[PDB]
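Structure first, then comments.
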Amino acid sequence: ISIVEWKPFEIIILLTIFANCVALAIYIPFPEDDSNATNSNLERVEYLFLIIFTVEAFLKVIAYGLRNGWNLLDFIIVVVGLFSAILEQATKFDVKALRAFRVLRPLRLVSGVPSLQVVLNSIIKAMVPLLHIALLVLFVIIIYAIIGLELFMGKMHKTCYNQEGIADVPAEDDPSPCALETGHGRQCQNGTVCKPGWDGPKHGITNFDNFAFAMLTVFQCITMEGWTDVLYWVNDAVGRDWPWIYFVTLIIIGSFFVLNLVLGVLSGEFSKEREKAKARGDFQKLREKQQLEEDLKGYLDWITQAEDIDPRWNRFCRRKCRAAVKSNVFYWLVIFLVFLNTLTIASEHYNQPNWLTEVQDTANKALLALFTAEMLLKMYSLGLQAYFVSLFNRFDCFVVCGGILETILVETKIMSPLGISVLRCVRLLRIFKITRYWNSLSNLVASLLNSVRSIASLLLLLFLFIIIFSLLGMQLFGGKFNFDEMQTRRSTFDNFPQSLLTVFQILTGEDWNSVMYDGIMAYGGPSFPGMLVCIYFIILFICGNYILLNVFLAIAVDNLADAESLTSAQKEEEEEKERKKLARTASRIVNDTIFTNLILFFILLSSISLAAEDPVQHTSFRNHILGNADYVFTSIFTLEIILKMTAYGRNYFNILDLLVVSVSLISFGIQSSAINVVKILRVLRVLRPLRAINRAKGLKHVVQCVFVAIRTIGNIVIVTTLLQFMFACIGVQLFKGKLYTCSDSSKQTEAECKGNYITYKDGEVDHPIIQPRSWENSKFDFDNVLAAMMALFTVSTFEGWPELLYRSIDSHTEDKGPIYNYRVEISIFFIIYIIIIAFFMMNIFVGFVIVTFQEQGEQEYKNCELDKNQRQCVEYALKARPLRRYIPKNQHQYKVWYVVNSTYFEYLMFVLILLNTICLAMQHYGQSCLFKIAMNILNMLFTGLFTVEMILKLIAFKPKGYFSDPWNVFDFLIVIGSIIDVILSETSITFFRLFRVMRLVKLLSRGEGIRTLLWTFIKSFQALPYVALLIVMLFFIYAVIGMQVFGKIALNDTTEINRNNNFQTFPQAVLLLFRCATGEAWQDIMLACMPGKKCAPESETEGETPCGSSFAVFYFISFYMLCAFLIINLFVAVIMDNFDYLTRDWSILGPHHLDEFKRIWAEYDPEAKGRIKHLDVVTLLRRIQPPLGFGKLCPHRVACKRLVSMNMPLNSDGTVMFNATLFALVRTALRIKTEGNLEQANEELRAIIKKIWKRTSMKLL
Ligand SMILES: CC(C)CCC[C@@H](C)[C@H]1CC[C@H]2[C@@H]3CC=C4C[C@@H](O)CC[C@]4(C)[C@H]3CC[C@]12C
Ligand SMILES: CC(C)CCC[C@@H](C)[C@H]1CC[C@H]2[C@@H]3CC=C4C[C@@H](O)CC[C@]4(C)[C@H]3CC[C@]12C
Ligand SMILES: CC(C)CCC[C@@H](C)[C@H]1CC[C@H]2[C@@H]3CC=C4C[C@@H](O)CC[C@]4(C)[C@H]3CC[C@]12C
Ligand SMILES: CC(C)CCC[C@@H](C)[C@H]1CC[C@H]2[C@@H]3CC=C4C[C@@H](O)CC[C@]4(C)[C@H]3CC[C@]12C
Ligand SMILES: CC(C)CCC[C@@H](C)[C@H]1CC[C@H]2[C@@H]3CC=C4C[C@@H](O)CC[C@]4(C)[C@H]3CC[C@]12C
Ligand SMILES: CCOC(=O)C1=C(COCCN)NC(C)=C(C(=O)OC)[C@@H]1c1ccccc1Cl
Ligand SMILES: *[C@@H]1O[C@H](CO)[C@@H](O)[C@H](O)[C@H]1NC(C)=O
Ligand SMILES: [Ca+2]
């Protein structure tokens, strides 16, 4: 039977695997044991599949006697399938729920394709460096869960219950936590009473009652999805003073810092893989392919036209054709024609005038005829096949073929695909050829087409992952999202396309918590067995985001690096060609230092001044001080300019200072129409913070760097804008005037949807309510191109995109209402737009920033030998010294010191800290009195033990050596906050019990990997304090502008501008901007800031709803773009600062080995000094790590022979000093040289390396 196992038997089994995957898609999970005929057949087909994968595992089992992971998966799948079938037939715990193993069968499609197995291994092998970040995330989640347990435990269980009973939550359809008259949170007021006893904001799922519930809430907040909801619930529960310190800090630490770490590690790994695969020379094949194609058409056209110069009438037939295409006039004429085609395509809109629809149909045919004629003219003058040779010419040929195909229909339906004339806009991308960077865009496309095979493999593995998780979700939650609620969920797992859409939505991370809550309630509620189903959503989110990162960052980084290398090589070749061609043919106190400062302080004070204004109250005593305080502030800057204007006559920042001061001074007057002009020059007062530039060195540097980066990435921005415009045109064709709906679902026209109709509260037939029928459009529609660009932008931001998707799926016909699930196949448009724009273009932009930062800097060309290990080795050897030990004396201190400095004591206290953390982690809601007393006494016992440790280590280490390790002063401050915590506990303040949790960081700061990673990234963050000052300034400026513009809108609890979210205070405006930067409901806030809102009663006819502004669109879009750009800039700057650690190659010698050697050497020296023992070398050569020193070889051997053979410094037997022997060890480890090269190293170290300050007098020999 070992004969038929290598023939296409293995392809027969592969086809069997594909038909057990197209039978798990056809399956429809019906609610409550329902079925149909297709399922009745699929059972028998699965029986046949089970028979086949059994006698095929038997042959391999009785052929080779289960070791490989894939064959083990085969075996387990087969056995559980047989077990499930047998148990199902016998019973004809849940029986049918054991069929979830059948979704592992598609995982075998990569075991039969090694080409997919290699990319799977490449994706998997990048997980190992991220395990440290995973551990850090776990620790942060645990710490914040315990803090939330200690802060908000069981404080969100009271809602308004009305003053007639406790029937059910008579506070809107979305009840919120409240507080009593003795509380600080939200007050119900009017005919309501804040009565204790209530499930929770999300049916009791979102709260800090338990440690598991707190951990789930913390994870959901860290994923940045629905964290403002939790923050606002906490604000309503306990108050609006100190939950922002919790939630904002959690968001900053666990979402931005962690993302920075992940991006840095992934970029370092990708760079290492690139530098390892470049040695093979894969770039050469791409390099040699471009020049072979450049000379191809350059020689074929030479052959072509030489035939026409002749020796039938081609002399008067061919010269003009090739002299018109290359005339530079045909180029511009074709560009103008394409511009006209774009003009007529983009002029289409809903309810257009009847003349426009005729103009744009006549012009379409005319331009189609013209472009076909031009294509035919070019088709023969440059060879029929040589015309096909070119890249963009293939695009033109395909566009013409498709246009001719779709313009002759004129009888069939759905003419939306006829608008492939929009891809003709890609042909005008030759406008880059006239300008620069055309060799940077076309090189990118060439690299993409060269690597399309790996691109397809990477995109297919992601599709397989999505298919597997969609099948698993269809099995788990299929036909279960059917509860008694009146509204029907749209994101369900009922079908295969619906499951695919739901899994894609969860992968994008938008409203994934809603699907998680739906899945949790489908299995009961917040209970131990029911709520374990959230593991599916957690794993799906984490793994999908990780896979998307590893795919779309690898593609972008590799392709962009290849394109940049191609461009650099091409530039070098052009330089060499044009050089060799030329090498032959030719042959007043304002200039002070303290003043300046004092006035950059005033500038800071002036910036602080206008942030403290009152946005809403026009007249208030606080503004009396501030309004008259700016008067004296403006005088100082007015005096500053006059004192300077005499010195000279002008730069570009004195212009800005003048534009500030003159505007302020004229604004002091104005009078007359003090409504419009004042409201412009009052918001023009946001330029004062910008005066810190040119007055604070470093701010100017970072601003100039950001401007250079903008100028570099403008090409990618332009290409993304072009693609967005094309997709907007396609969407306008698809959904023009189709996204209208009526409040009454029974009317499908505007004329019908008129008058009143009866609604029922919660669908209770006994409670009818009259409401008016209204013909409404979608929030973001596709009526015209401008209305579609913004809808696509909001889709790309992953904000409210499922709502638009499910609104577009129902649309069927212009001017008519929706139909449930009319065109589910239209979701491919949104999927493709998200993949191309929100996933590929964004990662291309980030990789472009990374590459343009990497090719800057390191290209300083430090070509004074000394490659990228030895400079660091030499500087470390120069900057080194023996360390201290402090070995107790008093012969009594030694005993306690030995006790406290052992490893067993350290491990014992680590276990004690773990036990204390576990004790803190089980403070549930509704605990009994015995539990509380036991917890109190256990906390007392732990704090006593830790005081005992502290006393032991003041003695052992003395009161000077204790407060020397910074881990000790932090420990000292922690426990003293626990001793006096018990003092105030028996007779409150919640701040003092948070010190116990903070002690868990000692466990985190014990592994050499996480410690080094965190330390290096923190140092890189500290070393760049202005890249974050840029974000701070942007936030401040936009907060002030929002306060001035939208600061008067009313706080309506049913609108997105309310008590928790508003512009009425600088902290509140900053919090709103932070929430928008996270991207929570920024589109909803923008729509709530549009003009026509009744607003603040405390500001003072014809003004019914006169406030608001149409500036909101630009405000909220520009803020999003600028915030994303600046955050990416900061991330890449930190990554490039820390890039040395991210690409380390730990196998080779590194500074960590030097640190270990120093820590081994430290104990043998009583002081720093530099005096050693001659016999100490015996243990020195044995204690060194073999990669750093020598292995398990005998001491008195060639190791000692070479140690003594080297010319040591002319010292005594043991008076040689530490840096000398360190340099000797580093030079013997690597970069070895023959005798007589000492002077070469001596002269080299004083040229490129830092100054020695004549401190190497004894190190010369
Ligand atoms: C899809 C991959 C990860 C393999 C499948 C693993 C999961 C989906 C499988 C393996 C173990 C299975 C569970 C084993 C036991 C029980 C308890 C029973 O009362 C209901 C079914 C239930 C709850 C099964 C549901 C499906 C299950 C959780
Ligand atoms: C040539 C390309 C790049 C740009 C094309 C711009 C022109 C054709 C487009 C862009 C925005 C369009 C407008 C968008 C919306 C409106 C409002 C309404 O009254 C219908 C027509 C009108 C006024 C459109 C007319 C055509 C329009 C002005
Ligand atoms: C996502 C995959 C790859 C890994 C996670 C496995 C998931 C799907 C498995 C592991 C544990 C499982 C749960 C274990 C126990 C129960 C309780 C039972 O009364 C209903 C099913 C339920 C709630 C299971 C649902 C499926 C489950 C959550
Ligand atoms: C580094 C720089 C940008 C920090 C700037 C901080 C300034 C703008 C912040 C910090 C503290 C803030 C104040 C904190 C509290 C209040 C009380 C509130 O009822 C009105 C606003 C007011 C009076 C704030 C005004 C703005 C303020 C002074
Ligand atoms: C790593 C571990 C030890 C951390 C802490 C987890 C344990 C101790 C936590 C998590 C889940 C918790 C339980 C979950 C639900 C309830 C129901 C409630 O009415 C009484 C407490 C009780 C029974 C909790 C007791 C403590 C508990 C068992
Ligand atoms: C500089 C960041 O701008 C964005 O956040 C973009 C989003 C939203 O960010 C994508 C988050 N996934 N949506 C659209 C479509 C974009 C646009 O209109 O380009 C002009 C920009 C963008 C701009 C330049 C380069 C890339 C991108 Cl993605
Ligand atoms: C704003 O709040 C008031 C207070 O009850 C309410 O009457 C009004 O309807 C709200 N505005 C809107 C648009 O609903
Ligand atoms: Ca969201």
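Where a number appears in this text, it was derived from the coordinates with a stated rule and is not lab data. Note that each Cβ is placed from the backbone with ideal geometry, even for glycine, and that neighbours are counted across all protein chains shown.
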| remark: Filter the stretch 592-614 for residues that are outside any helix (DSSP H, G or I) and of a type outside the set (G, A, S); the one that is nearest to ligand 6 (Cβ to nearest atom) is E613
| Among (1) surrounded by fewer than 16 Cβ atoms within 10 Å (Cβ to Cβ); (2) among the small types (G, A, S); (3) closer than 21 Å to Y1026 by Cα, the one test that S743 misses | (3)
| note | Expected single match for surrounded by 13 or more Cβ atoms within 10 Å (Cβ to Cβ), in contact with a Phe, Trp or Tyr (Cβ under 8 Å, 6 or more places away or on another chain) and of a type in the set (V, I, T) among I831, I835 is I831
| note | Those residues of the stretch 327-352 that are within 46 Å of the chain's Cα centre (by Cα) and assigned to a helix (DSSP H, G or I) come to a total of 17
| request: Could you identify the single residue in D1145, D1084 that is of a type in the set (D, E) and outside any loop (DSSP other than H, G, I, E, B)? | output: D1084
| query | For the stretch 20-42, what are the residues that are within 22 Å of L109 (Cα to Cα) and exposed (fewer than 14 other Cβ atoms within 10 Å of the Cβ)? | reply | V22, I26
| request: Out of the residues in the stretch 738-765 that are assigned to a loop (DSSP other than H, G, I, E, B) and of a type in the set (A, V, I, L, M, F, W, C), state the one that is nearest to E172 (Cα to Cα). | output: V765
| Would the stretch 706-729 turn up any residue that is over 29 Å from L423 (Cα atoms), among the small types (G, A, S) and loosely packed, with under 15 Cβ neighbours inside 10 Å? | no
| query | Can you tell me which residues in the stretch 1076-1110 are closer than 30 Å to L250 by Cα and more than 16 Å from ligand 6 (Cβ to nearest atom)? | reply | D1084, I1085, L1087, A1088, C1089
| said: Tell me whether the stretch 121-140 contains one or more residues that are surrounded by fewer than 15 Cβ atoms within 10 Å (Cβ to Cβ), among the β-branched types (V, I, T) and assigned to a helix (DSSP H, G or I). | reply: yes
| remark: Being exposed (fewer than 14 other Cβ atoms within 10 Å of the Cβ) and either in a helix (DSSP H, G or I) or under 45 Å from the mean Cα position of the chain (by Cα) (or both) narrows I642, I589 down to just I642
| query | Looking at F735, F780, which is the one that is within 16 Å of ligand 2 (Cβ to nearest atom), surrounded by 11 or more Cβ atoms within 10 Å (Cβ to Cβ), within 24 Å of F1114 (Cα to Cα) and aromatic (F, W, Y)? | reply | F780
| Looking only at helices (runs of 4 or more DSSP H) that fall completely inside the stretch 1173-1236, which ones have 2 or more residues that are within 16 Å of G1150 (Cα to Cα)? | 1218-1229
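Starting from residues that are of a type in the set (A, V, I, L, M, F, W, C) and assigned to a loop (DSSP other than H, G, I, E, B), keep the ones in the stretch 304-326 and report whichever is surrounded by the most Cβ atoms within 10 Å (Cβ to Cβ).
Here the residue is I309.
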| task | Kindly provide the set of residues from the stretch 855-872 that are out of contact with any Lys or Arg (no Cβ under 6 Å at 6 or more places or on another chain) and surrounded by 14 or more Cβ atoms within 10 Å (Cβ to Cβ), ordered by number. | result | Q856, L866, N869, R871, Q872
| request: Read through the list (1) surrounded by 19 or more Cβ atoms within 10 Å (Cβ to Cβ); (2) over 19 Å from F256 (Cα atoms); (3) away from ligand 4 (no atom under 16 Å from the Cβ), then give the number of the only condition that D1084 fails. | output: (1)
| remark: All-but-one check, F1017 against (1) within 16 Å of ligand 7 (Cβ to nearest atom); (2) under 30 Å from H132 (Cα atoms), failing number (1)
| Which of the residues that make up the stretch 1154-1169 are farther than 16 Å from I887 by Cα and crowded, with 19+ Cβ neighbours inside 10 Å? | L1154, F1157
| field | From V329, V334, residue being surrounded by 16 or more Cβ atoms within 10 Å (Cβ to Cβ), of a type in the set (A, V, I, L, M) and on the phi < 0 side of the Ramachandran plot | value | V334
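Give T990, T947 a once-over and let me know the one that is part of a helix (DSSP H, G or I) and hydroxyl-bearing (S, T, Y).
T947
Need at least 3 residues that are aromatic (F, W, Y), under 31 Å from the mean Cα position of the chain (by Cα) and closer than 30 Å to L532 by Cβ per element, so show me which helices (runs of 4 or more DSSP H) inside the stretch 175-263 make the cut, counting only ones lying wholly within it.
211-222, 227-237
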| Residue check for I506: more than 16 Å from ligand 4 (Cβ to nearest atom), more than 17 Å from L24 (Cα to Cα), among the β-branched types (V, I, T) and surrounded by 17 or more Cβ atoms within 10 Å (Cβ to Cβ) | yes
| query | Within the stretch 689-733, restricting attention to residues that are more than 16 Å from ligand 4 (Cβ to nearest atom) and either charged (D, E, K, R) or not in a helix (DSSP H, G or I) (or both), which residue is nearest to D783 (Cα to Cα)? | reply | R711
| query | Do we find a residue being under 30 Å from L501 (Cβ atoms), within 16 Å of ligand 8 (Cβ to nearest atom) and not hydrophobic (A, V, I, L, M, F, W, C) anywhere in the stretch 550-570? | reply | no
| message | Looking only at the stretch 766-804, filter to residues that are within 16 Å of ligand 8 (Cβ to nearest atom) and part of a loop (DSSP other than H, G, I, E, B); which one of those is nearest to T344 (Cα to Cα)? | response | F780
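Given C160, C194, which one is farther than 24 Å from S527 by Cα, surrounded by 20 or more Cβ atoms within 10 Å (Cβ to Cβ), in contact with a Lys or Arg (Cβ under 6 Å, 6 or more places away or on another chain) and not aromatic (F, W, Y)? Show your work before the answer.
Values: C160 fails: in contact with a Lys or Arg (Cβ under 6 Å, 6 or more places away or on another chain).
Answer to the check: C194.
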| Which number in (1) within 16 Å of ligand 6 (Cβ to nearest atom); (2) touching a strand residue (DSSP E or B) at 6+ places or on another chain (Cβ under 7 Å) marks the one condition that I718 misses? | (2)
